[PDB]
>>> print(open('target_26.txt').read())   # compact mmCIF, N, CA and C atoms
# COMPACT_ATOMS: atom_id res chain seq x y z
N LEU A 2 -31.19 -41.83 20.09
CA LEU A 2 -30.70 -40.45 20.07
C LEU A 2 -31.84 -39.47 19.80
N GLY A 3 -33.02 -39.77 20.34
CA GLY A 3 -34.18 -38.92 20.11
C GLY A 3 -34.02 -37.52 20.66
N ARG A 4 -33.29 -37.37 21.76
CA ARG A 4 -33.06 -36.07 22.38
C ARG A 4 -31.63 -35.59 22.22
N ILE A 5 -30.86 -36.20 21.31
CA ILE A 5 -29.46 -35.84 21.14
C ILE A 5 -29.22 -35.37 19.71
N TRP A 6 -30.06 -35.82 18.77
CA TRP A 6 -29.81 -35.53 17.36
C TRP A 6 -29.94 -34.04 17.07
N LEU A 7 -30.86 -33.35 17.75
CA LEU A 7 -31.10 -31.94 17.42
C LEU A 7 -29.95 -31.05 17.87
N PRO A 8 -29.54 -31.02 19.15
CA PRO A 8 -28.45 -30.11 19.54
C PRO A 8 -27.13 -30.38 18.82
N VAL A 9 -26.82 -31.65 18.54
CA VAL A 9 -25.58 -31.97 17.85
C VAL A 9 -25.59 -31.40 16.44
N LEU A 10 -26.71 -31.57 15.73
CA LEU A 10 -26.81 -31.02 14.38
C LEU A 10 -26.79 -29.50 14.40
N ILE A 11 -27.40 -28.90 15.42
CA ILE A 11 -27.37 -27.44 15.56
C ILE A 11 -25.93 -26.96 15.73
N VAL A 12 -25.17 -27.63 16.59
CA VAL A 12 -23.77 -27.24 16.81
C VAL A 12 -22.96 -27.43 15.53
N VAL A 13 -23.21 -28.53 14.81
CA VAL A 13 -22.48 -28.78 13.57
C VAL A 13 -22.75 -27.66 12.56
N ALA A 14 -24.03 -27.30 12.40
CA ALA A 14 -24.38 -26.25 11.45
C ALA A 14 -23.77 -24.91 11.85
N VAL A 15 -23.81 -24.59 13.15
CA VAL A 15 -23.24 -23.33 13.62
C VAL A 15 -21.74 -23.30 13.35
N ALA A 16 -21.06 -24.42 13.60
CA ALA A 16 -19.63 -24.48 13.34
C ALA A 16 -19.33 -24.30 11.85
N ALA A 17 -20.13 -24.92 10.99
CA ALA A 17 -19.93 -24.77 9.55
C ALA A 17 -20.12 -23.32 9.12
N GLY A 18 -21.18 -22.68 9.63
CA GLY A 18 -21.42 -21.29 9.28
C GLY A 18 -20.31 -20.37 9.77
N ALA A 19 -19.82 -20.61 10.99
CA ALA A 19 -18.72 -19.82 11.52
C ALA A 19 -17.46 -20.00 10.70
N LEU A 20 -17.19 -21.24 10.28
CA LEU A 20 -16.02 -21.50 9.44
C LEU A 20 -16.12 -20.75 8.12
N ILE A 21 -17.30 -20.80 7.49
CA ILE A 21 -17.48 -20.10 6.21
C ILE A 21 -17.31 -18.60 6.40
N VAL A 22 -17.86 -18.06 7.50
CA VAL A 22 -17.73 -16.64 7.78
C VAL A 22 -16.26 -16.26 7.94
N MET A 23 -15.52 -17.05 8.72
CA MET A 23 -14.12 -16.73 8.99
C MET A 23 -13.29 -16.78 7.71
N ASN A 24 -13.54 -17.77 6.86
CA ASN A 24 -12.73 -17.94 5.66
C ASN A 24 -12.92 -16.78 4.68
N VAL A 25 -14.17 -16.40 4.43
CA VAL A 25 -14.45 -15.45 3.36
C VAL A 25 -14.25 -14.01 3.83
N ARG A 26 -14.41 -13.76 5.13
CA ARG A 26 -14.34 -12.39 5.63
C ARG A 26 -12.97 -11.78 5.41
N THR A 27 -11.91 -12.60 5.45
CA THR A 27 -10.56 -12.07 5.36
C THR A 27 -10.06 -11.90 3.93
N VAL A 28 -10.81 -12.38 2.93
CA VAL A 28 -10.33 -12.32 1.55
C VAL A 28 -10.36 -10.89 1.03
N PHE A 29 -11.30 -10.08 1.51
CA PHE A 29 -11.41 -8.70 1.05
C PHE A 29 -10.18 -7.90 1.47
N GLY A 30 -9.84 -6.91 0.64
CA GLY A 30 -8.63 -6.13 0.89
C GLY A 30 -7.40 -6.98 0.66
N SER A 31 -6.50 -6.99 1.64
CA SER A 31 -5.31 -7.84 1.65
C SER A 31 -4.38 -7.57 0.47
N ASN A 32 -4.43 -6.37 -0.10
CA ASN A 32 -3.50 -6.00 -1.16
C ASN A 32 -3.40 -4.49 -1.27
N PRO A 33 -2.98 -3.79 -0.21
CA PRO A 33 -3.02 -2.32 -0.25
C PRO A 33 -1.87 -1.70 -1.02
N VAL A 34 -0.68 -2.30 -0.96
CA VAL A 34 0.52 -1.73 -1.56
C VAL A 34 1.20 -2.78 -2.41
N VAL A 35 1.98 -2.32 -3.39
CA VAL A 35 2.81 -3.18 -4.23
C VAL A 35 4.26 -2.76 -4.04
N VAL A 36 5.11 -3.72 -3.68
CA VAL A 36 6.53 -3.47 -3.45
C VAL A 36 7.33 -4.24 -4.49
N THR A 37 8.09 -3.52 -5.30
CA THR A 37 8.90 -4.15 -6.34
C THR A 37 10.14 -4.80 -5.74
N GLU A 38 10.62 -5.83 -6.42
CA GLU A 38 11.82 -6.54 -5.97
C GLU A 38 13.08 -5.80 -6.39
N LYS A 39 14.13 -5.95 -5.60
CA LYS A 39 15.40 -5.28 -5.83
C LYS A 39 16.46 -6.31 -6.18
N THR A 40 17.18 -6.08 -7.28
CA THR A 40 18.26 -6.95 -7.75
C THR A 40 19.44 -6.06 -8.14
N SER A 41 20.35 -5.83 -7.20
CA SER A 41 21.53 -5.02 -7.44
C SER A 41 22.75 -5.92 -7.66
N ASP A 42 23.83 -5.30 -8.14
CA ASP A 42 25.08 -6.00 -8.39
C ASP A 42 26.09 -5.70 -7.30
N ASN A 43 27.06 -6.60 -7.15
CA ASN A 43 28.11 -6.40 -6.17
C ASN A 43 29.07 -5.31 -6.63
N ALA A 44 29.14 -4.23 -5.86
CA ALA A 44 30.02 -3.10 -6.18
C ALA A 44 31.34 -3.31 -5.46
N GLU A 45 32.28 -3.96 -6.14
CA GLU A 45 33.60 -4.24 -5.59
C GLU A 45 34.67 -3.87 -6.61
N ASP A 46 35.90 -3.75 -6.12
CA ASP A 46 37.05 -3.36 -6.94
C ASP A 46 38.10 -4.46 -6.86
N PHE A 47 37.96 -5.46 -7.73
CA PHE A 47 38.93 -6.54 -7.84
C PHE A 47 39.43 -6.60 -9.28
N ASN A 48 40.75 -6.64 -9.44
CA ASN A 48 41.39 -6.59 -10.75
C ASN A 48 40.87 -5.44 -11.62
N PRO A 49 40.99 -4.20 -11.16
CA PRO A 49 40.57 -3.07 -12.00
C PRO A 49 41.62 -2.80 -13.06
N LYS A 50 41.17 -2.53 -14.29
CA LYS A 50 42.11 -2.22 -15.35
C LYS A 50 42.79 -0.89 -15.06
N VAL A 51 44.08 -0.81 -15.36
CA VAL A 51 44.90 0.34 -15.03
C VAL A 51 45.34 1.01 -16.33
N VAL A 52 45.07 2.31 -16.44
CA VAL A 52 45.43 3.11 -17.60
C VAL A 52 46.45 4.15 -17.17
N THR A 53 47.54 4.27 -17.92
CA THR A 53 48.63 5.17 -17.57
C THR A 53 48.90 6.12 -18.72
N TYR A 54 48.91 7.42 -18.42
CA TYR A 54 49.29 8.45 -19.37
C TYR A 54 50.73 8.87 -19.10
N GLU A 55 51.52 9.01 -20.17
CA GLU A 55 52.91 9.44 -20.04
C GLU A 55 53.19 10.52 -21.07
N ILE A 56 53.73 11.65 -20.61
CA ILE A 56 54.17 12.74 -21.48
C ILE A 56 55.62 13.04 -21.16
N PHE A 57 56.46 13.08 -22.18
CA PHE A 57 57.87 13.39 -21.99
C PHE A 57 58.43 13.97 -23.28
N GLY A 58 59.41 14.85 -23.15
CA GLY A 58 60.01 15.47 -24.32
C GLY A 58 61.24 16.25 -23.94
N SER A 59 61.82 16.91 -24.95
CA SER A 59 63.02 17.70 -24.72
C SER A 59 62.71 19.02 -24.03
N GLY A 60 61.45 19.42 -24.01
CA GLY A 60 61.09 20.68 -23.40
C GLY A 60 61.11 20.63 -21.89
N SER A 61 60.93 21.81 -21.28
CA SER A 61 60.89 21.90 -19.83
C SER A 61 59.52 21.54 -19.29
N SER A 62 58.48 22.23 -19.75
CA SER A 62 57.12 22.02 -19.29
C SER A 62 56.19 21.81 -20.48
N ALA A 63 54.92 21.55 -20.18
CA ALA A 63 53.93 21.29 -21.21
C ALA A 63 52.54 21.58 -20.67
N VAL A 64 51.60 21.76 -21.59
CA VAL A 64 50.19 21.93 -21.24
C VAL A 64 49.45 20.68 -21.70
N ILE A 65 48.75 20.03 -20.78
CA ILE A 65 48.21 18.69 -21.00
C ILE A 65 46.70 18.71 -20.78
N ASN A 66 45.96 18.15 -21.73
CA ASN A 66 44.53 17.90 -21.60
C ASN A 66 44.29 16.41 -21.82
N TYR A 67 43.43 15.82 -21.00
CA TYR A 67 43.17 14.39 -21.10
C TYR A 67 41.75 14.11 -20.64
N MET A 68 41.24 12.95 -21.04
CA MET A 68 39.93 12.47 -20.63
C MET A 68 40.10 11.45 -19.53
N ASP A 69 39.49 11.70 -18.38
CA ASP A 69 39.54 10.70 -17.32
C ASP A 69 38.66 9.51 -17.70
N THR B 50 -41.80 10.88 20.22
CA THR B 50 -41.77 12.28 20.62
C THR B 50 -40.43 12.73 21.17
N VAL B 51 -39.72 11.86 21.89
CA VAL B 51 -38.50 12.28 22.58
C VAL B 51 -37.43 12.73 21.59
N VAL B 52 -37.24 11.97 20.52
CA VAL B 52 -36.14 12.21 19.58
C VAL B 52 -36.68 12.73 18.26
N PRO B 53 -35.83 13.28 17.38
CA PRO B 53 -36.33 13.77 16.08
C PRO B 53 -36.83 12.67 15.17
N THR B 54 -37.26 13.04 13.97
CA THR B 54 -37.77 12.06 13.01
C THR B 54 -36.63 11.22 12.45
N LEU B 55 -37.00 10.13 11.78
CA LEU B 55 -36.00 9.21 11.26
C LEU B 55 -35.18 9.85 10.15
N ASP B 56 -35.78 10.77 9.39
CA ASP B 56 -35.05 11.41 8.29
C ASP B 56 -33.88 12.23 8.81
N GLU B 57 -34.11 13.04 9.85
CA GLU B 57 -33.03 13.86 10.40
C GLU B 57 -31.94 13.00 11.01
N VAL B 58 -32.33 11.95 11.74
CA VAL B 58 -31.34 11.07 12.36
C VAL B 58 -30.51 10.37 11.29
N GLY B 59 -31.15 9.91 10.22
CA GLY B 59 -30.41 9.29 9.14
C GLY B 59 -29.50 10.27 8.43
N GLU B 60 -29.93 11.53 8.33
CA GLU B 60 -29.09 12.55 7.71
C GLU B 60 -27.85 12.83 8.55
N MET B 61 -28.00 12.89 9.87
CA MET B 61 -26.88 13.27 10.72
C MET B 61 -26.06 12.08 11.20
N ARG B 62 -26.36 10.87 10.76
CA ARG B 62 -25.63 9.68 11.18
C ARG B 62 -25.19 8.83 9.98
N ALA B 63 -24.97 9.47 8.83
CA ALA B 63 -24.59 8.72 7.64
C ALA B 63 -23.21 8.10 7.81
N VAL B 64 -22.97 7.03 7.06
CA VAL B 64 -21.74 6.25 7.17
C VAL B 64 -21.00 6.30 5.84
N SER B 65 -19.68 6.30 5.92
CA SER B 65 -18.84 6.31 4.73
C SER B 65 -19.07 5.05 3.91
N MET B 66 -19.04 5.21 2.58
CA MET B 66 -19.30 4.08 1.70
C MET B 66 -18.15 3.09 1.70
N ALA B 67 -16.92 3.59 1.67
CA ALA B 67 -15.84 2.62 1.55
C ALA B 67 -15.17 2.37 2.89
N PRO B 68 -14.84 1.12 3.19
CA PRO B 68 -14.16 0.82 4.44
C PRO B 68 -12.72 1.30 4.42
N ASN B 69 -12.15 1.43 5.62
CA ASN B 69 -10.77 1.89 5.74
C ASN B 69 -9.79 0.84 5.25
N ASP B 70 -10.23 -0.41 5.14
CA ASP B 70 -9.36 -1.45 4.62
C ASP B 70 -9.16 -1.34 3.12
N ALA B 71 -10.02 -0.58 2.44
CA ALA B 71 -10.00 -0.49 0.99
C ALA B 71 -8.66 0.05 0.51
N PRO B 72 -7.97 -0.67 -0.37
CA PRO B 72 -6.68 -0.17 -0.88
C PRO B 72 -6.76 1.18 -1.57
N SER B 73 -7.86 1.48 -2.26
CA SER B 73 -7.97 2.76 -2.96
C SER B 73 -8.04 3.92 -1.98
N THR B 74 -8.82 3.78 -0.91
CA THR B 74 -8.90 4.83 0.09
C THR B 74 -7.55 5.04 0.77
N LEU B 75 -6.86 3.94 1.08
CA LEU B 75 -5.53 4.04 1.66
C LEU B 75 -4.57 4.73 0.71
N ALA B 76 -4.68 4.45 -0.59
CA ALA B 76 -3.80 5.08 -1.56
C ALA B 76 -4.03 6.58 -1.62
N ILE B 77 -5.30 7.00 -1.63
CA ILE B 77 -5.58 8.44 -1.69
C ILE B 77 -5.10 9.14 -0.43
N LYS B 78 -5.35 8.54 0.74
CA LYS B 78 -4.89 9.16 1.98
C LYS B 78 -3.37 9.19 2.05
N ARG B 79 -2.71 8.15 1.53
CA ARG B 79 -1.25 8.12 1.50
C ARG B 79 -0.71 9.23 0.62
N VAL B 80 -1.33 9.44 -0.54
CA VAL B 80 -0.93 10.55 -1.40
C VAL B 80 -1.11 11.87 -0.68
N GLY B 81 -2.21 12.01 0.06
CA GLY B 81 -2.46 13.25 0.76
C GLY B 81 -1.43 13.55 1.83
N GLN B 82 -1.06 12.53 2.61
CA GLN B 82 -0.14 12.77 3.71
C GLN B 82 1.31 12.89 3.24
N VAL B 83 1.70 12.12 2.22
CA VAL B 83 3.06 12.19 1.71
C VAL B 83 3.33 13.56 1.10
N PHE B 84 2.39 14.05 0.30
CA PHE B 84 2.53 15.36 -0.32
C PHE B 84 2.20 16.50 0.62
N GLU B 85 1.72 16.21 1.83
CA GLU B 85 1.43 17.21 2.85
C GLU B 85 0.44 18.25 2.34
N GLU B 86 -0.65 17.75 1.75
CA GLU B 86 -1.65 18.64 1.17
C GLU B 86 -3.02 18.47 1.82
N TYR B 87 -3.46 17.23 2.00
CA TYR B 87 -4.77 16.93 2.54
C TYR B 87 -4.72 15.63 3.32
N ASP B 88 -5.84 15.25 3.92
CA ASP B 88 -5.93 13.97 4.61
C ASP B 88 -7.26 13.26 4.37
N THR B 89 -8.06 13.71 3.42
CA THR B 89 -9.32 13.07 3.09
C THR B 89 -9.11 12.07 1.96
N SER B 90 -10.22 11.56 1.43
CA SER B 90 -10.17 10.64 0.30
C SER B 90 -11.24 10.92 -0.74
N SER B 91 -11.99 12.01 -0.59
CA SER B 91 -13.08 12.35 -1.49
C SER B 91 -12.85 13.73 -2.08
N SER B 92 -13.15 13.86 -3.37
CA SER B 92 -12.94 15.11 -4.08
C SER B 92 -14.09 15.35 -5.04
N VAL B 93 -14.33 16.62 -5.35
CA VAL B 93 -15.34 17.03 -6.32
C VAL B 93 -14.67 17.90 -7.37
N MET B 94 -15.40 18.15 -8.45
CA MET B 94 -14.89 18.95 -9.56
C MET B 94 -15.84 20.10 -9.83
N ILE B 95 -15.29 21.30 -9.94
CA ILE B 95 -16.07 22.49 -10.28
C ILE B 95 -15.88 22.77 -11.76
N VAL B 96 -16.98 22.86 -12.49
CA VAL B 96 -16.96 23.06 -13.94
C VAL B 96 -17.43 24.47 -14.24
N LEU B 97 -16.64 25.20 -15.02
CA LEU B 97 -16.99 26.54 -15.48
C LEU B 97 -17.29 26.44 -16.97
>>> encode(input="target_26.txt", output="structure tokens")
Amino acid sequence: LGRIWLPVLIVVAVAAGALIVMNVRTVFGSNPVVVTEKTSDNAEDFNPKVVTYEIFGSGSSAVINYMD
Amino acid sequence: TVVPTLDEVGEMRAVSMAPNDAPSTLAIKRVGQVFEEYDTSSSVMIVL
């Protein structure tokens, strides 16, 4: 391999250098924005508790104030 | 003789220090465009 050893080793070295270049070149940057995760709850109406107000008396009418 | 000296050419062909991939430059430009105020990434301070 007197006339084969040189070009093969040259190609091997060039491939190694290209691989190193490709790997490290992309590491820079790659983190421009930060996006926080979202964890919401299911907004549904199943078995809602029911509150009832009742006003009654011997009078005809009344004035009523209440808290919703 | 054809072109100016190297000093003038270097003065008129200067390159930005930070690449556009830089997250900080992108952040400043994003602030500028969102707030609709500017579109650069460099600022100076005037002291009185």
>>> atom_distance(input="target_26.txt", atom1="atom N of residue 18 in chain A", atom2="atom C of residue 68 in chain B")
26.0 Å
>>> closest_atom_pairs(input="target_26.txt", of="chain B", to="chain A", cutoff="8 Å", atoms="only C-alpha atoms", output="JSON lines")
{"residue": "B:70", "atom": "CA", "partner": "A:30", "partner_atom": "CA", "distance": 6.0}
{"residue": "B:71", "atom": "CA", "partner": "A:30", "partner_atom": "CA", "distance": 5.8}
{"residue": "B:72", "atom": "CA", "partner": "A:33", "partner_atom": "CA", "distance": 4.3}
{"residue": "B:73", "atom": "CA", "partner": "A:33", "partner_atom": "CA", "distance": 7.6}
{"residue": "B:75", "atom": "CA", "partner": "A:33", "partner_atom": "CA", "distance": 7.1}
{"residue": "B:76", "atom": "CA", "partner": "A:33", "partner_atom": "CA", "distance": 7.6}
>>> atom_distance(input="target_26.txt", atom1="CA of residue 55 in chain A", atom2="CA of residue 67 in chain A")
11.0 Å
>>> atom_distance(input="target_26.txt", atom1="atom N of residue 91 in chain B", atom2="atom C of residue 65 in chain B")
10.9 Å
>>> decode(input="target_26.txt", residues="chain B", atoms="C-alpha atoms", output="short mmCIF file (atom, residue, chain, number, x, y, z; two decimals), in the first residue's frame")
data_model
loop_
_atom_site.label_atom_id
_atom_site.label_comp_id
_atom_site.auth_asym_id
_atom_site.auth_seq_id
_atom_site.Cartn_x
_atom_site.Cartn_y
_atom_site.Cartn_z
CA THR B 50 -3.59 53.40 -6.28
CA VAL B 51 -7.00 52.35 -7.63
CA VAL B 52 -8.78 52.03 -4.26
CA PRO B 53 -8.48 53.99 -0.97
CA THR B 54 -6.19 53.06 1.91
CA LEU B 55 -6.85 50.08 4.15
CA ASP B 56 -7.90 52.30 7.07
CA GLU B 57 -10.78 53.90 5.18
CA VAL B 58 -11.95 50.57 3.76
CA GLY B 59 -11.87 49.00 7.21
CA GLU B 60 -13.79 51.96 8.61
CA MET B 61 -16.53 51.76 5.98
CA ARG B 62 -16.84 47.94 6.02
CA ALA B 63 -17.04 47.17 9.74
CA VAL B 64 -19.02 44.13 10.88
CA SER B 65 -21.43 43.74 13.78
CA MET B 66 -19.94 42.06 16.84
CA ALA B 67 -22.83 39.81 17.70
CA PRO B 68 -24.39 37.32 15.28
CA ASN B 69 -28.09 37.36 14.52
CA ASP B 70 -28.38 33.91 16.11
CA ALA B 71 -27.48 35.42 19.49
CA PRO B 72 -30.43 35.11 21.89
CA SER B 73 -29.68 38.49 23.49
CA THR B 74 -29.80 40.36 20.19
CA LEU B 75 -33.04 38.58 19.29
CA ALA B 76 -34.47 39.52 22.69
CA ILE B 77 -33.65 43.20 22.26
CA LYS B 78 -35.06 43.31 18.73
CA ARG B 79 -38.17 41.45 19.91
CA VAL B 80 -38.69 44.03 22.65
CA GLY B 81 -38.28 46.77 20.06
CA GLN B 82 -40.80 45.38 17.60
CA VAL B 83 -43.40 44.26 20.17
CA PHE B 84 -43.43 47.67 21.85
CA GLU B 85 -43.35 49.35 18.40
CA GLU B 86 -40.55 51.70 19.41
CA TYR B 87 -37.32 50.68 17.63
CA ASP B 88 -35.75 47.88 15.61
CA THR B 89 -32.05 48.05 16.58
CA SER B 90 -30.17 46.24 19.34
CA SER B 91 -27.58 48.82 20.46
CA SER B 92 -28.06 51.74 22.83
CA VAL B 93 -25.95 54.44 24.47
CA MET B 94 -26.41 56.55 27.59
CA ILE B 95 -26.11 60.33 27.84
CA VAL B 96 -24.87 61.52 31.23
CA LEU B 97 -25.53 65.05 32.49
#
